[PDB]
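No gaps in the numbering here: position 126 of the sequence shown is 128 in the entry's author numbering, and each next residue is one more. Take a look at the structure below.
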Amino acid sequence: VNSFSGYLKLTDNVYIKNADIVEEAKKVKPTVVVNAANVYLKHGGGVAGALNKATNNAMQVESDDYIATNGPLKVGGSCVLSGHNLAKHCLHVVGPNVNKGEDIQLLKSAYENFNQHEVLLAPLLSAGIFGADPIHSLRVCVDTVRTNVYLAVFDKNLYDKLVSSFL
Ligand SMILES: CC(C)NC(=O)Nc1ccc(C(=O)N[C@@H]2c3cccc(O)c3C[C@@H]2C(=O)O)cc1
């Protein structure tokens with residue numbers, strides 16, 4: 003038993019809810035919140051910008067030190083940093099950005115990072131300003147992630163379409 007509430011169960015291990023991931027992290031305080039990161043950990047907009055704003059820019063400060071030490075992530079890769087006031091940990095995961103021409107097949111590799119964590123609060127990778135089809139992203143998620151994932155979908159219209167179109 004865990005504290006995630008009001009989710010619709012899609013499969014054995016994937017759950018979805020129309021919710022603002024920032025508000026959901028502040029309320030649940032999950033072990034892991036997933037950020038929709040880029041390789042530079044520049045949290046400017048979309049989910050990343052929102053999560054970072056909610057940390058009063060502490061996420062960005064920590065991220066800049068990480069990059070200065072380690073260099074950029076790989077598309078499809080991830081790193082674990084602090085969750086600040088939102089979670090114990092933040093898993094920064096880099097899905098491909100279609101608006102940069104990145105290979106959509108890397109979306110499966112991106113979701114594989116979730117399997118290193120028993121339970122996660124997450125957005126749909128590569129959705130939103132990353133330019134991929136969220137229906138495709140949800141399918142890859144369900145077909146790749148084996149651990150327990152609670153997906154927060156900000157847009158109600160998209161959530162309903164994601165739900166009604168789900169096989
Ligand atoms: C009010 C404050 C305290 N909170 C806050 O600013 N929160 C927040 C901001 C932006 C996003 C976001 O960019 N969402 C994306 C979005 C939008 C429309 C269609 C989509 O396919 C997607 C994918 C992705 C998602 O929904 O995961 C999420 C939360």
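Note that beta-carbon positions come from the ideal geometry of N, C-alpha and C, so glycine has one too.
Whether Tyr9 touches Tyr161 by CB criterion (7 Å):
no
Same chain only: Cβ atoms within 7 Å of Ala27, ignoring 5 sequence neighbours per side
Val35, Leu88, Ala89, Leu123
Using the three-state DSSP reduction, which class does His138 fall into: helix, strand or coil?
helix
Could you spell out where the alpha helix (DSSP H) holding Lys28 opens and where it closes?
23–30
Three-state class that DSSP yields for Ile18 in the structure shown
strand
Would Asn37 be called buried (16 or more neighbouring beta carbons within 10 Å of its own) or exposed?
Residue environment for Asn37: buried (at least 16 other C-beta atoms within 10 angstroms of its C-beta).
Selection from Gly97, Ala154, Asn59, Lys102 that minimises the alpha carbon distance to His86:
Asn59
Proximity of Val144 and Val16 at Cβ, strictly below 7 Å:
yes
Can you check whether the CB of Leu108 is closer than 7 Å to the CB of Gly78?
yes
Quick check: the Cα distance between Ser84 and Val63, rounded to an integer number of angstroms?
Those two C-alpha atoms are separated by around 11 Å.
CA-to-CA distance, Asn20 to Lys163, given in whole angstroms
11 Å
Shorter than 6 Å, the distance from the beta carbon of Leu160 to the closest heavy atom of ligand 2, or not?
No copy of ligand 2 appears in this structure; the ligands present are ligand 1.
Please name the residue in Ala39, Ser167, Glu104 whose C-alpha comes closest to that of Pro136.
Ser167
Out of curiosity, what's the CA-to-CA distance linking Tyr68 and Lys158?
35 Å
Whole alpha helix (DSSP H) runs in the segment 85–142 with 4 or more residues, listed along the chain?
The qualifying runs are 108–114.
Answer yes or no: do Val142 and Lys102 have a C-beta to C-beta separation smaller than 7 Å?
no
Taking the continuous beta strand (DSSP E) assigned at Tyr9, which residues delimit it?
Counting along the chain, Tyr9 falls outside any beta strand (DSSP E), and DSSP gives it neither H nor E.
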